[PDB]
Each structure stands twice: as C-alpha cells, then as structure tokens.
**Q** 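Structure in structure tokens, see below.
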Amino acid sequence: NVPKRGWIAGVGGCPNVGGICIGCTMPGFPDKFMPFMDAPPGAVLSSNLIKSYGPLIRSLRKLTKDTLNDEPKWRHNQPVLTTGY
Amino acid sequence: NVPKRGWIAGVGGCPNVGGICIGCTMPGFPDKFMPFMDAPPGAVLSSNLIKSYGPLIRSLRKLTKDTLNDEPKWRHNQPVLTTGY
Amino acid sequence: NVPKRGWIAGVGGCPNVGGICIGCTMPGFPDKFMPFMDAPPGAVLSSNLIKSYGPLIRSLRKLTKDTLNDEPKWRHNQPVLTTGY
Ligand code: SF4
Ligand code: SF4
Ligand code: SF4
C-alpha cells in the first residue's frame, strides 16, 4: 500500500514517485522479480495490448477539457448584466 | 493536482479519498459542472469497452499474483541445503 | 445508380427516400431477393456487428460540432475592436 499511503507523511513511495515496484512485500521476493529492471513477462502482453480506442478517448477528453477552460459568456465588464437576472 | 499532492501534508484531497471532483479550479466552474452528483456525460462511454477486457486482465493478474504469493522451494528446515549453493 | 442519380430530375429514388432496394437491375431479380421485406441474410451481420467504437465516435463528433456552433469572441458590438487589428 506504499503508493496509496506514501512512505513518511505521505511523502515517499515507489512507482508513484519514479521507482519500479520490485515486489519486496511478497513471499516470492526477490527471486521471482529479478532482474528488476526488466519488464514483467506478463506486462509485455499488457503493454503490447492494443488500444485502438486509446487515441479516441484522449481526443474526446481534450475537447471536453477545452470547453471547461472557457468561462461562461456572461462574465464581463459591460454596462448591461447578462447573468440571467 | 490535489489528489496527486494531497491537501495538507498529503493527508486529504477529493476523489482519492471519496470526494467527487467538481472542477473547482476550472474557468468553467461551477456552471459547466452542475449538477455535481450526476455522472459527467462522457464518462459512461470509456466504461463500456474496457468491460470486454477487464475480467480477462483481472484474472491474468490474479494468477501471476498467486505465483508471487509462493516462496521458492528451497526455503525450509530440512537436513540438507537445497538453495543451489 | 438511382439514389446517386435520383429518378427524375434528381427527385425520387429508392432507399434514399425510404424505398427498400429490391435489386430490380440484377440478373437474379426477383428470385434471389424475395421475400422483399425480409432483411438480407448477409446484411444481418454488419447490422449486429459489435462496433462499440460507435457511441464514442458520435460523442467525439457532437463535441466538435458544438464548438463549431460558437462564434469566435471578436464578434460583438463593444467600443473596442478585438479581432487582432
Ligand atoms: S517495491 Fe516494495 S515498498 Fe515499493 S511499492 Fe513495491 S512492495 Fe511496496
Ligand atoms: S474538486 Fe477541485 S480541489 Fe478537488 S481535485 Fe477537483 S479541481 Fe482539485
Ligand atoms: S430497387 Fe431497382 S431502381 Fe431501386 S435502387 Fe434497387 S436496382 Fe435501383
């Protein structure tokens, strides 16, 4: 739970901070994880997994974000109130 | 950056601890987000495709996990060393 | 070429105006097409095709459309020209 909780005062961690998780809390440690800097064989399948939907969902998110980066029209210094009141 | 950063000394935040993010930092806040306790229109979309490969990746992870939840055979109190030394 | 071409002076046609195509120009007409009001067998395939990229493509389109339904900010009757001139 290190990443979810941090190391000390929420300050540290491993992957959430740039450190590969080497499985140091598991019965299989360390032998079933070495070499540590190699990709887990199961990960290559999931990293070579194909998300054709990967670029779409990102493009849709950006659009939605852009409209959220636009204040409503009724916020101005014009002498006539547009807020609907 | 609140969830990534926490609120005070990494203690709190919003979604990371069960509070929906109401986009209080966005120029569109709050009108483009209300009503807050309703699902955002574009959410259900990305949900319905990952459901085809969720239970798969989930099982594939539960299995490797179990292998990692097993100590190497050479860890015992038998009369003879079997670690490879 | 009827729907692409219209029937008379580009006015009528068949499926383009709600008339099922019954293959009346084809060497197999009418036997390989009856019963007419039944769906084509091979058609049923691409019809029920589980293209779950669909609800995501219409959304990605509606979001683009909505932005194209907003005039740029510099269109207004304020005492200050703000087009970039
Ligand atoms: S390397 Fe260890 S301390 Fe770090 S996240 Fe993994 S199991 Fe936890
Ligand atoms: S509700 Fe606000 S403080 Fe919280 S994560 Fe969202 S933008 Fe940040
Ligand atoms: S029913 Fe006949 S005229 Fe109409 S589109 Fe089909 S081939 Fe053309």
Side-chain angles (χ1 to χ4, degrees), chain A residues 50-85, chain B residues 1-5 7 13-52, chain C residues 1-19 46-47 49-85:
Chain A
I50 219 55
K51 323 257 209 168
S52 51
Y53 290 41
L56 278 201
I57 210 61
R58 291 183 302 182
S59 188
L60 163 144
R61 277 180 179 168
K62 177 186 180 181
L63 286 176
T64 311
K65 184 169 66 174
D66 289 13
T67 79
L68 290 177
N69 273 332
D70 255 347
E71 307 190 25
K73 301 184 175 66
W74 64 74
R75 293 180 193 164
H76 45 49
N77 202 11
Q78 308 161 4
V80 46
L81 181 153
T82 316
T83 78
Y85 167 84
Chain B
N1 71 335
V2 159
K4 165 66 175 179
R5 180 75 180 174
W7 196 244
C14 297
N16 49 340
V17 305
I20 65 181
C21 169
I22 73 189
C24 64
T25 65
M26 294 311 265
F29 178 84
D31 290 278
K32 295 185 183 184
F33 300 89
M34 284 179 282
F36 302 119
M37 295 177 69
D38 295 349
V44 178
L45 289 60
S46 60
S47 314
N48 299 10
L49 203 292
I50 318 178
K51 185 177 186 301
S52 185
Chain C
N1 65 350
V2 161
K4 162 72 175 174
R5 179 76 166 163
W7 193 251
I8 299 177
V11 167
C14 301
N16 50 307
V17 307
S46 193
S47 317
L49 167 54
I50 309 183
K51 298 184 313 303
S52 181
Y53 75 91
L56 202 77
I57 193 73
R58 274 164 288 161
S59 296
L60 184 145
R61 269 173 196 167
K62 186 187 173 189
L63 286 169
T64 302
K65 173 192 309 172
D66 293 353
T67 74
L68 302 173
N69 279 330
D70 281 341
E71 320 187 18
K73 266 65 177 175
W74 58 76
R75 295 181 190 172
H76 63 77
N77 200 19
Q78 304 311 306
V80 52
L81 182 63
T82 66
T83 65
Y85 171 79

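Labels below follow one simple rule: chain letters A, B, ... track the order of the sequence lines, proteins then strands, and each chain is numbered from 1. Quick note: numbers below take in every heavy atom, side chains included, and nothing from hydrogens, waters or symmetry partners.
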**Q** Might you point out which heavy atoms bring B/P27 and A/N69 nearest each other, and give the distance in Å?
**A** CD-OD1, 3.3 Å
**Q** Measure the SG-CZ distance between B/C24 and B/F33 for me, rounded to the nearest 0.5 Å.
**A** 9.0 Å
**Q** With the side chain counted from C-beta on, respond yes when A/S59 and C/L60 share a heavy-atom pair under 4.5 Å apart, and no when they do not.
**A** yes
**Q** Between B/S46 (side chain only) and B/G42 (backbone N and O only), is there a donor and an acceptor less than 3.5 Å apart?
**A** no
**Q** Just do the side-chain contact (heavy atoms from CB on, under 4.5 Å) check on A/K73 and C/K73 with the steps written out, would you?
**A** CA-CA 9 Å; A/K73 301 184 175 66; C/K73 266 65 177 175; 5.9 Å; no
**Q** According to side chain to side chain contact (heavy atoms under 4.5 Å, CB included), who are the partners of C/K51, at least two apart in sequence or on a separate chain?
**A** C/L49, C/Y53
**Q** Considering only distance and modelled atom types, tabulate donor-acceptor pairs under 3.5 Å from the side chains of residues 1-9 of chain C, sequence neighbours left out.
**A**
none

**Q** Between B/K32 and B/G23 (side chain of the first, backbone of the second, donor and acceptor by atom type, cut-off under 3.5 Å), is there such a pair?
**A** no
**Q** Spell out, as yes or no, whether a donor-acceptor pair under 3.5 Å connects the side chain of C/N16 to the backbone of C/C14.
**A** yes
**Q** Should we say atom CG of C/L81 is surrounded by more than 12 heavy atoms from elsewhere, each under 6.0 Å from it?
**A** yes
**Q** Can you tell me which residue pairs pass the side-chain hydrogen bond (donor to acceptor under 3.5 Å, both in side chains) test with a partner in residues 74-85 of chain C, sequence neighbours excluded?
**A** C/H76-C/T82
**Q** Taking the side chain as every heavy atom from C-beta outward, state whether B/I22 and B/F36 have any pair of such atoms under 4.5 Å apart.
**A** yes
**Q** Can you tell me how far the CG atom of A/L68 sits from the CG atom of A/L63, to the nearest 0.5 Å?
**A** 11.0 Å
**Q** Could you tell me the separation between the CZ atom of C/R61 and the CG atom of C/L56, rounded to the nearest 0.5 Å?
**A** 11.0 Å
